[PDB]
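Shown here is one chain on its own, the form deposited in one PDB entry, set out as structure tokens.
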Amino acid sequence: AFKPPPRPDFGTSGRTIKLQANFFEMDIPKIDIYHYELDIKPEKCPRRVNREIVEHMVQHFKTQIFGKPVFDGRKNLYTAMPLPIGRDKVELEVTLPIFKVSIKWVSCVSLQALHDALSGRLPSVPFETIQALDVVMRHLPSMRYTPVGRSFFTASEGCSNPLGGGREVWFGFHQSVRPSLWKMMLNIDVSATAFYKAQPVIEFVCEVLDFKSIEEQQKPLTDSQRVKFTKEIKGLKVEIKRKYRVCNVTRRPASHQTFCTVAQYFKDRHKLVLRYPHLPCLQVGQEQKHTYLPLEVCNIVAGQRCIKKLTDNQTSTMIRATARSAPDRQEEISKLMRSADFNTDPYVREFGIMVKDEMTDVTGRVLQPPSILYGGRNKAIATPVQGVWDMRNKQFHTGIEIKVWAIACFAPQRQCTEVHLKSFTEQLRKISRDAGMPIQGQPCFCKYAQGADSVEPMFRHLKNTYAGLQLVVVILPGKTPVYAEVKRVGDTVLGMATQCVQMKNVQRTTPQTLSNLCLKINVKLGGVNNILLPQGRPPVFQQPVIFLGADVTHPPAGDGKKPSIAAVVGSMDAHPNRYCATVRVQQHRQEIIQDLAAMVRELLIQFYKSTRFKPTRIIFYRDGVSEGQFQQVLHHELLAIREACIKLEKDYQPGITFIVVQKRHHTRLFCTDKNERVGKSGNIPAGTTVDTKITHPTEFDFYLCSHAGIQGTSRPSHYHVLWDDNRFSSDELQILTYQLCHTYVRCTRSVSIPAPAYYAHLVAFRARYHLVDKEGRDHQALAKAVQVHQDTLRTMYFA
């Protein structure tokens, strides 16, 4: 239940392709380095303050200690050669513009043992060793640049990327030390994030309040101006030599604001006559004291990342400033590494480390896509080309016959007229007839409505009046709270199928849009759009098997009380195509799925009810777990799956395959040959697979870019097998995973992650919609909100 399986073999399927990865080979010396535990009293200091302390400490004691050590900003210091210490704590006293620093040797870290672990010699990779190398590579940039996670950001020289609102774009790069089949690798990728400009607060006001210049005007701000400004600068730090954090903007101008007025105080003591006394002051420091700074004598301090959400316009600017095709990104990574010059870094060089300046070459394989079987009389077979196919002259494998349906238009009648609805209905019936999902009649019901209050009574009337009602098509004017209400009533209250459509897609229809629309409708009504060509599937389908997709979605940044949402879906046929969903609310920002055992039990029960088979195997696709959570998550969740089986029957012990899916990492793959690049974005082809060189030295993992890259640089999904009772070969599991990317019903394309994992996202996001403005007695309220109706339980409402 605890240790991941070794790599069974290497894949052999598919034609080869020359790739370049943003991994850079590291040459590590085979010598012991020396680990020391520090202490710094007081120890509530920010991490960067601790780096200053040790930095000054190193030189302020250079003489009979420290004859170029590295430091993690907390508690760990490393040297390439040993110090004079013994094992003794050597408390030092250091002063920086009153600190006690204790230095104690702890262990010897052998880089020799790392070479063995990267080889077949040692069974596993020693974390503490890679942890040390990480501190070596991060030492310099952690003081030179502004750390954000595993990245480093800085104001770009000579350029300025303003966002407005006192914000601008800082470019940066991600850095991480990784073991691999070949060598140690330095993974480098470029990135960009928003920062507040280091400008006078006076000019910060102008951008926030949209003033061309101050003295526009010379009257104290309106309360509406003062409230907007207070929201932006509160929590931000400002400087004079001495730095404060802003907690409040005073109501009264500096001329009147008394504590002795602020204006007066600065006239006598500091001999400063304020140029804009009519403006308020910044209350800084402790909220329960009376320290007020005029705007004129304050600057926003540099290197403060913008945590708040960007505006629509700010986002739009951010996108344009950082959007890059795959070759363009490739060159920006390359240019960065040449200019980075990691080998002159004195700390990197103290530890005798060398970093390759060229991207690593890696050979991938482009897997063949599966054939997609359709229905109708002809039973057409689609052949994905470059990750895409279409439904033209093809009918659904199992198309639904729609006899009873209705339209509910919440768009204004002037904007969405009966003629519009009629034409839309005309075209939709045409497309749906072609697709093998005939809408036999005009809707038995069609009424306009307004507001969220009209939803439930209308839907209740519909359910009571029209027997055999299959669907309600809901027209929406755009972004409106009605949508969430439609889904609350439909999914959870009354248990009725609904398909919403934006007004603009009714006024002006297209064959493609209407086609995609039918894909959702047919699925929602129990249909089967298409299936994998049966004889083209991997051998695993010879026995009953269920495919589980699982994901947790956490609240946005800055949020503190909203629940995390766990969603799990399971296949309900042998194709596989039909899926049922389970969903739960759980603790804030907890990744481990707490109630998984219960959820899997439901899915296993519903699988048997649907197929009359008991799975002999369980394939578990787990999205979004990082390497630092593999053991924790696997321990709880693998056992939870077993628990579900055991509490059901026997002696029922199906083989479990546990696979972690990671779409969001920092590995990027590029075509070496320009003639391999695909489309305008110039990305690697769909099906590109990498399970060598850059992958894990001992464990079963691979990259699979299963989708066509439309824009930017494609994210190759990474798959890591944490458990496998079924003993998959690399070829079978990679093909299986790839084929499951072709079973996503909402489009005739290969998607970036397997359908079950994708559905899990959709289910989680739907639950989040049921919880809008609603997020023991607390838990049960939220739990009921995400609980769907009895009639919705076995449906694909999430489509």
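By rigid core we mean the largest C-alpha set that fits within 1.5 Å across both forms. Numbering starts at 1 and runs along the sequence shown.
Note that the form deposited in another entry isn't included here; everything after this is about it.
Peer 1: Using a core superposition, identify the member of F670, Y196, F607, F728 whose Cα displacement between this form and the one not shown reaches 2 Å or more.
Peer 2: None of the others reach 2 Å, which leaves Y196.
Peer 1: Relative to the superposed rigid core, does the CA atom of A321 travel 2 Å or more between this form and the one not shown?
Peer 2: Yes, the C-alpha moves 2 Å or more.
Peer 1: Superposing on the rigid core, is the CA of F266 displaced by 2 Å or more between this form and the one not shown?
Peer 2: Where the cores coincide, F266 still shows a C-alpha shift between this form and the one not shown that is 2 Å or more.
Peer 1: Aligning on the rigid core, do we see the C-alpha of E232 shift 2 angstroms or more between this form and the one not shown?
Peer 2: After core superposition, the displacement of the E232 C-alpha between this form and the one not shown reaches the 2 Å mark, so yes.
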